[PDB]
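Asker:
There are 4 protein chains.
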Amino acid sequence: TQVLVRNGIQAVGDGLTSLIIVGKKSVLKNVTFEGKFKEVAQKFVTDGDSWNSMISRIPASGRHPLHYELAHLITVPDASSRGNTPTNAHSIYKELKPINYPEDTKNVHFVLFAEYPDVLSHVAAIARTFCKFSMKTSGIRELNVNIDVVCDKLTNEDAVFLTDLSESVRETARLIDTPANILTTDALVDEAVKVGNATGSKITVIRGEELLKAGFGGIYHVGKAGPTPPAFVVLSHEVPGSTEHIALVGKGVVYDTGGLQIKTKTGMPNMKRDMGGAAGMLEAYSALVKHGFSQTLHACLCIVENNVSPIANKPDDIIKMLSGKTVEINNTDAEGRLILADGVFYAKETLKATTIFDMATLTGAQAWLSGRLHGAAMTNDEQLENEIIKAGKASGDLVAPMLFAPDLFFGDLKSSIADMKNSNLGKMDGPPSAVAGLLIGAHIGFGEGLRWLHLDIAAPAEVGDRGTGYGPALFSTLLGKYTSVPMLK
Amino acid sequence: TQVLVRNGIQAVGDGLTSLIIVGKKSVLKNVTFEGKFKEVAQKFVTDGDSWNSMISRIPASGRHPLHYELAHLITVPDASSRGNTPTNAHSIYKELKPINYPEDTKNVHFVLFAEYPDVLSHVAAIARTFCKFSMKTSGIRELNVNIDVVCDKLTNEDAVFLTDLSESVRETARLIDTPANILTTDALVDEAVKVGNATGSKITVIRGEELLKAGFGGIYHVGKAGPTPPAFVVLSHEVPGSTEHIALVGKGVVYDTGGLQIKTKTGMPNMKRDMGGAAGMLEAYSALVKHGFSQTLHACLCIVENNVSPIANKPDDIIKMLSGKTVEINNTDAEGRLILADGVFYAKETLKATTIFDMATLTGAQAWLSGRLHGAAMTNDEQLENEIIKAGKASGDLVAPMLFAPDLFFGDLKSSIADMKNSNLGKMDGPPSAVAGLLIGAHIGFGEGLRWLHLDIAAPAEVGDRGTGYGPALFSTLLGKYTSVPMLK
Amino acid sequence: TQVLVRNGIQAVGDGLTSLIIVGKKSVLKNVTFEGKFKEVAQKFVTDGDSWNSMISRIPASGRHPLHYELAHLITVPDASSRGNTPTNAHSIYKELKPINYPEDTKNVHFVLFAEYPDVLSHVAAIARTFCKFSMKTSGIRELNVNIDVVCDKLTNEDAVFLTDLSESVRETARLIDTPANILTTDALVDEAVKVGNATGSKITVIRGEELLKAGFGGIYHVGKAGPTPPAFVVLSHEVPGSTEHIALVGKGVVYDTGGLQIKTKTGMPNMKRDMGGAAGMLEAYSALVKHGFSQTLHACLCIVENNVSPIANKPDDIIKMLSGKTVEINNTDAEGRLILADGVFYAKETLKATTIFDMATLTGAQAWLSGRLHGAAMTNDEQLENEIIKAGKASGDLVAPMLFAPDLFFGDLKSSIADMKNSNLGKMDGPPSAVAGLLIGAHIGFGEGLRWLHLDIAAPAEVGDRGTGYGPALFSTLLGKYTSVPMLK
Amino acid sequence: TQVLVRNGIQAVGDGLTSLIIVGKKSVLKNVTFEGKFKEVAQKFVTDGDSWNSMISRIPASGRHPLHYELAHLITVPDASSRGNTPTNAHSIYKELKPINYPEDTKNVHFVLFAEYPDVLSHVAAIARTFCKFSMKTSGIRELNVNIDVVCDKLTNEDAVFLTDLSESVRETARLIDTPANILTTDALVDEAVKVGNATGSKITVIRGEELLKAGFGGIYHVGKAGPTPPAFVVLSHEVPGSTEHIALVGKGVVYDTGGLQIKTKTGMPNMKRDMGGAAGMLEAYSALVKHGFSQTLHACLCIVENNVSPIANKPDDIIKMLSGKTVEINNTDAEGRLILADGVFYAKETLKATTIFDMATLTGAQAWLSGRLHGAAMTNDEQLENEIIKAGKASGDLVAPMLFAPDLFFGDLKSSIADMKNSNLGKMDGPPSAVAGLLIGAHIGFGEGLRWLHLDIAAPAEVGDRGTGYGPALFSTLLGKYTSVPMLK
Ligand code: NA
Ligand code: NA
Ligand code: NA
Ligand code: NA
Ligand code: NA
Ligand code: NA
Ligand code: NA
Ligand code: NA
Ligand code: NA
Ligand code: NA
Ligand code: NA
Ligand code: NA
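Chain order of the listed sequences is A, B, B' and A'. A prime marks a further copy of an entry chain. Here PDB author numbering is used: the first residue of the first sequence is 2, the next is one more, and so on. Here PDB author numbering is used: the first residue of the second sequence is 2, the next is one more, and so on. Here PDB author numbering is used: the first residue of the third sequence is 2, the next is one more, and so on. Here PDB author numbering is used: the first residue of the fourth sequence is 2, the next is one more, and so on.
Set out below in structure tokens:
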């Protein structure tokens, strides 16, 4: 299935077409049934009077069929709470995701009526619903999707960006949805390298025993018992004399069994999704670099499978991290933070990054802090905390803040015989998701001298059985000021 | 044990004395061993040279004995993270709480060297360690405690307030520590009424069958299976023509067995502490009204015991709340929010309050959102959120924010046959502590037209086996601008 | 069913008879098939040659049928380990308990060939298998049982005692087997009072609110939520000028639901058996007093039902015990030790007992210390420990020692606000069964100045669905030197 | 850190010194502040009057600071219960273990005032607190420790022994504290062989496939799925014509995952400590052989890692042990007893040992039998049981007895298709720790014809996060009569 975003309603190809019209209630109320819109909608909506009659009847929000199988109107609510995004983009996903198209549909045409601040999140929300990945052996259909945005301020360049963003989102989700017997560590390295090639990036791959020799103790010891070897992948977009030097570090655990402290029967399904941070960072980097990204930018992907064998990490093991610090592993199901500790230290010490983001599906505890729609962000920089919250609202990739208090909470990871433990298995003073973040931060002085932000996306990275493709939209809006894209400025 | 706070070092009575000196490292470094301080300290510290030598040796923070049994120096750290209070008052508690005084000690003299912004939190932290409640049948000692604050800006009026604050804190903790076979609903009503009498308040007490008749369905049906009857207590401090009308609503569950959905063997000890919100609000109200509180203020205490009998609430029961809305009870261990729903509705509709705080020990989930030191605050008013966080830092009663999003999260409480359920027993989109708060808020339109703040203090209300007395310090600093107290302005 | 023990083989009444022959292998090898034995056995065993042939063939131990339905030989092993009784009496129970008698059997004749040191335990083991209690509404048969002991040293007076012992054993078991809807606290008081009347004892009964007024806080507060009231029953056998003053304190929890810390679905069946200590002490007292007991002896029965209501003990409650000491109840399923604390204090302070035994079915932990056949004894007196172990071997009511170390283990029950907790819900330094015993002992200074022995019989009090009647045999052999019975001297 | 024990107070080197004075209250009361003691203590204690004043004030027991950071007095209680050791040596550990020394301390000087029967346990208790093992990457300090014993009867030869005992204890603990990714089976073989070399022992190492070929089915099949191979190590100290032939068999499970019946998330941390028996036996053997051990003595170390792979033991597997008997493995987490069964059989049949001790960290059930301070000893020899209990009191390595009853309890291990099962997964008649011991004993006829003692030290081998170094002190005092050491005679 191909997805193209266009600036303005246009005709779609020949072939059975499904029409979905999307807009906030107040916007739809001001739409005139005339011109190109009439031409597209008249197949399903009789005339202007019947249009206005229907718009009057329909509630503040919802989904309404315009045909027995080929058409729908999605009404997005106007009102929103302060903790939500005023775009209400999740409402689009909620109403659209259940929609199926008849077997013989060739095209899906979306007519999106949106004010400029809503367009990006609305387009992303639609894109998320075209799930690339399936291994069904019948019924597979490829569709031609046109998302036609009706917005005065929108430019043709904005539409190119939105098409690229739609791809980045669908690619993140595809990588997440792919089972780990297919997306092995080797396969995810290959996916990253493909983006590396396409972006003209400087590519570094440190694999298997090379990780051990170079001192990546976290990445190596976590992944050493995988069926394919651990890897650290760096894609670098180096801009001589740039004022910023930004690293996007992603957790790429292609599967987590929990290790020797094994996950339960019901807790181990879905653990293919534990590479969602890596996938999100990779595809964010791709979307930004496609659009004239003016600063130095690195994607740093820590790629392992955490599995079970006589050579695996055992609780009690002490390893030496890239930082030179030692970690007592008391929890093999808390391994993601170990590989990220090496990734973030590399970003600081080797790449000389001064803004370091790490994004990961870490803890089930994250949903108890920020719920299922908001990523949980912990940062040493208050201004960056506010900026990423703002970016979450603008993108629809929602972000809520975590307490930053290493002085109060890092004691939860005290060890008698190593510099720290990787986890606390009992009662702790910090929120567990914060404590997980602090393990990572302990290896770069909790961000001292620079800006460090840790982002836990365990729950918002998925809805039901499907990856959401969280990450590209957030970082596009957060870092979009460094691109050529009008709507991101 | 009596606790007096004084403005300046003074002599203490005759009798064996234990000396504890407290200060931040940078403050202690500038203390001259001379004058009244020398007079007090020279019992234990030889001269000025030995003083300075010791201060040089001792680390950034800690506790150091000045005698084999009668004396200690507590060093408070200067540095603090952004998520912590810059007072670092919890460090005082941590170092002081373990200290025991010899059996024959008559006096405990504290010399507190503190800058003005630190004084209140530091004094509170010391007060917390003088636990009133004990039923030991030997070894009980009453001590005369003098907390002598050395601070230039401190006034004599400030010291009166700080003595009253110390009492409010120790009283909150006493009520929390008292077992529920002693502090029954009747006993807690009596305690509230005593404060009501002393404050010259207008006192309302609605009890037992009177609650049912008046339509308090939450308070009544939760508490109807207690060994003593449920009660709603209002203390009102009415100031004609005041611009603010503030209600402090407190959860006063004197014991929670969990109800018919009974708590576990290990989960039911400590449930005497489920009235910590009521105790904290009562003692905050007392401290404020003692100091010329210039606005209309109400304490609203919802006082029940949640126990097990054939007449208790059962999951599936539907009751009608004071609001007129119906609630399907699917969780009898989520009963605190029911009584608070009536309390907050009463505050809005009967008391005409325009600022409504509710404070409660609600969920174990709160610790997973904000950790064990920070209360979790959910409010419809962003400015109030910032103000209470600031008050948390100033008071040492730390506060962290919860997401406010009824649109995203209230759906977690959907019911097919009542207006809402009281809880969600599976997977929900909101943080569980937020969802608990939203149950309460649903009965006043989530604060619409006014300011509503819900504060979950489950974990910060206690450390180990002892109540902390959380609440009075927070509200003193938050609402202290309406008092006559110089340090609160 | 009636059970008579006779000194020598005699004829039994007319009516269908079942014959069971019992002996150690070495004893049976020396039995001549002649005389009264021939007369009894020749119904089933052809002649002396066929007897000797069979005895040659049969292994070291087991059960062998002598008829298709009416007759068996039980061979008891000669060898035994040092931790077992050399009587090997449990082997008799093991082989005999499964035996059923045809519906129309009128008599059961046992010929027991036993050396003098084996007789008591062997007779008790046989008696245990005649279970008094049944509420089956068909098939109930009353049998005439004659246990004919063949032992040179046995006297006619010994046979009277053994008949009384058989009754005491069967009575203990009957009381244990009776469901608690029948054997209520009132019913068990009545049973105790009946023994009191028959023994010519001085009877004291303190019940219901009288317990509270007299300060029995343990007995009262544990039992106050029962459907029938708590009671303390004392039967006293006072011998002016006796050198010993002995109290037998028994735990008579007629049913334990666990209280508010309720027992599990699978853990609550069998809790009618939690009065086995009371039943055992009552029936031991009866057997001793029937035979000219020369010392002052008291049975002290603490009789409660531990159930669930709004007035029940809650974890966190603090109560004042008869001793005047306070106990913080953190575990309502650890209630038996509370009532025993009052019983033992009463025995010391009111009865002036100088030897105090308490016997109780306390913890499931007891089986992890001493297994399922041995009671676990904790005592301040080493000589008494050895003596009761010796008595266990002689009686077949096996006893193993527990560590006695209040200095090392009593800290497991530390409380911040009462003199002690009743239990420790986590990790403790002592064996849990020892710690349970120490709760009781803490109220009499752990036996200081006297002899105190605590005996936990949780597992040996029952096999499968039936009470064993543990207790009477142990105390008969332990204290039998004070009776007129030749075999007990 | 080096530890030297000296006979008498002497000067310590130049460098910042920490002073700790240790004694029972009654001993300290008779200490004169004069001479060498005055010289050492005067830095911290003013004069003799101030000394005596302090000793008067201080309670029966405790720890009292003599300086703000450099000095402490530890008072040991005089009184002890019969189940405790009258040395009260655990009180020293309890008070001393929390003590930290300033970063720049060079020396720690201990002045131990102890009567002769207390010296060994007191010295050991101090030694235990100098934990060798740490992988912290900052803050590591090596100290010079002098334990100066003040005891009239003490000889210079006794002080050499006590220095060697301190080393044996600290070495046991070091081996225990070392994570299993470092102390592999190969590493522990190497450690054993080093002791072998130093002691001039005859050394046998049977490794990997050699174990299978030689018929060590227990050792081989348990360890075959380790990342490094299983091993059996024998160190032999052969004394021609000795009357005793003693084997010390130790369980050296370098890590236990539980095997295919895997341990839980919270139950698997600490399982590096499952080689505590091997470490204790090795270091006991070292201390004895260093001091002219006059009998034939063997250390037999069974060294495996129990891990998870397709070739691991599975429940249901039947293996053939060194004894020739078959064992049905129904519990892969009960593997330690399998390797010990081969060790003890080897000791009997190959080494011709007539006194066989096995020591192991076996079951969590051990703490429910004997608590956390006492090893649980099960032996066929009553005299040896009494002797080891006595040795436990004399050494401070406490020992409590387990029931010995193979006739009553071995039936818990009945199998239909092998000679026995290795465990019982349900209800059993024996204490589980006894039943575990009986598995081992079943392979040498439960000790028939010789003396066999099984010692379960699961809990006393550790306190908190640290190995105690249990074993060397016990066996020094038990077998010390065969050495040249005056204090052991
Ligand atoms: Na199809
Ligand atoms: Na994980
Ligand atoms: Na993971
Ligand atoms: Na006292
Ligand atoms: Na509750
Ligand atoms: Na509650
Ligand atoms: Na019948
Ligand atoms: Na119980
Ligand atoms: Na009980
Ligand atoms: Na350092
Ligand atoms: Na094991
Ligand atoms: Na093991």
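Cβ coordinates follow ideal geometry from the N, Cα and C atoms, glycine included.
Please output, in chain order, the residues near ligand 9 using a CB cut-off of less than 5 angstroms to any non-hydrogen atom of the ligand.
Answerer: B':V254, B':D257, B':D275 and B':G337
Asker: Given a cut-off of 7 angstroms on the beta-carbon distance, is the pair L399 (chain B') and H375 (chain B') in contact?
Answerer: Yes; because the gap between Cβ atoms is below 7 angstroms, this pair is in contact.
Asker: Could you spell out where the alpha helix (DSSP H) holding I340 (chain A) opens and where it closes?
Answerer: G337 to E350
Asker: Among the residues of its own chain, which have a CB less than 6 angstroms from the CB of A115 (chain B), if the five just before and after it don't count?
Answerer: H123 and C152
Asker: Do you know offhand how far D165 (chain B')'s Cα is from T380 (chain B')'s?
Answerer: When only Cα atoms are considered, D165 (chain B') and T380 (chain B') end up about 29 angstroms apart.
Asker: Look at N89 (chain B) and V13 (chain B) and say whether their C-beta atoms are less than 7 angstroms apart.
Answerer: Taking 7 angstroms as the Cβ cut-off, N89 (chain B) and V13 (chain B) do not qualify as a contacting pair.
Asker: Out of A':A395, A':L414 and A':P433, state which residue places its alpha-carbon closest to the alpha-carbon of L404 (chain A').
Answerer: A':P433
Asker: Contact defined as beta carbons within less than 8 angstroms: I believe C303 (chain B') pairs with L341 (chain B'). What is the distance between those atoms, to the nearest angstrom?
Answerer: 6 angstroms
Asker: Per DSSP, what are the beta-bridge partners of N8 (chain B') in this structure?
Answerer: B':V150
Asker: For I22 (chain A'), tell me which candidate among A':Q11, A':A42 and A':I389 has the shortest Cα-Cα distance.
Answerer: A':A42
Asker: Would you say the beta carbon of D334 (chain A') is closer than 6 angstroms to some non-hydrogen atom of ligand 11?
Answerer: yes
Asker: Does the distance from the C-beta atom of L323 (chain A) to that of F476 (chain A) stay below 7 angstroms?
Answerer: no
Asker: Just mark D159 (chain B) as buried or exposed, buried being the case when its beta carbon has 16 or more other beta carbons within 10 Å.
Answerer: So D159 (chain B) counts as buried.
Asker: I'd like to know if the region 303–318 of chain B' and the region 170–188 of chain B are in contact, where contact means that at least 3 CB-CB pairs between them fall below 8 angstroms.
Answerer: yes
Asker: Quick check: the Cα distance between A474 (chain B) and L409 (chain A), rounded to an integer number of angstroms?
Answerer: 20 angstroms
Asker: Just checking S135 (chain B') against ligand 7 - is the residue's beta carbon closer than 6 angstroms to any of the ligand's heavy atoms?
Answerer: Answer for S135 (chain B'): no, Cβ out of range of ligand 7.
Asker: Just reading off the beta strand (DSSP E) that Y256 (chain B) is part of, what are its end residues?
Answerer: For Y256 (chain B), the enclosing beta strand (DSSP E) stretches over residues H246 to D257.
Asker: Counting only beta-carbon atoms, is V309 (chain A') nearer than 7 angstroms to chain A?
Answerer: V309 (chain A') counts as touching chain A.
Asker: Using a C-beta cutoff of 7 angstroms, does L155 (chain B') count as contacting chain A'?
Answerer: It does not; no Cβ of chain A' falls within 7 angstroms.
Asker: Applying a beta-carbon distance threshold of less than 8 angstroms, which residues of chain B' neighbour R467 (chain B)?
Answerer: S417
Asker: Could you list the residues in the region 244–259 of chain A' with a C-beta less than 7 angstroms from some C-beta on chain A, going in chain order?
Answerer: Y256 and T258
Asker: Any idea what DSSP makes of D457 (chain B), helix, strand or coil?
Answerer: strand
Asker: Considering only residues of the region 350–391 of chain B', which uninterrupted alpha helix (DSSP H) runs meet the minimum length of 4 residues and lie entirely inside it, listed in chain order?
Answerer: 367–371
Asker: Would you kindly report the start and end of the unbroken beta strand (DSSP E) that includes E329 (chain A)?
Answerer: Unbroken beta strand (DSSP E) run through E329 (chain A): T327 to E329.
Asker: List the whole-angstrom C-beta distance separating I220 (chain A') from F233 (chain A'), where the pair is believed to meet the contact cut-off of C-beta under 8 angstroms.
Answerer: 5 angstroms
Asker: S167 (chain B') to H110 (chain B'), Cα distance in whole Å?
Answerer: 15 angstroms
Asker: Nearest to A280 (chain B) by alpha carbon, out of B:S27, B:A313, B:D359 and B:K353?
Answerer: B:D359
Asker: Count the other C-beta atoms from every protein chain shown that fall within 10 angstroms of the C-beta of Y69 (chain A), then say buried if there are 16 or more, exposed otherwise.
Answerer: exposed
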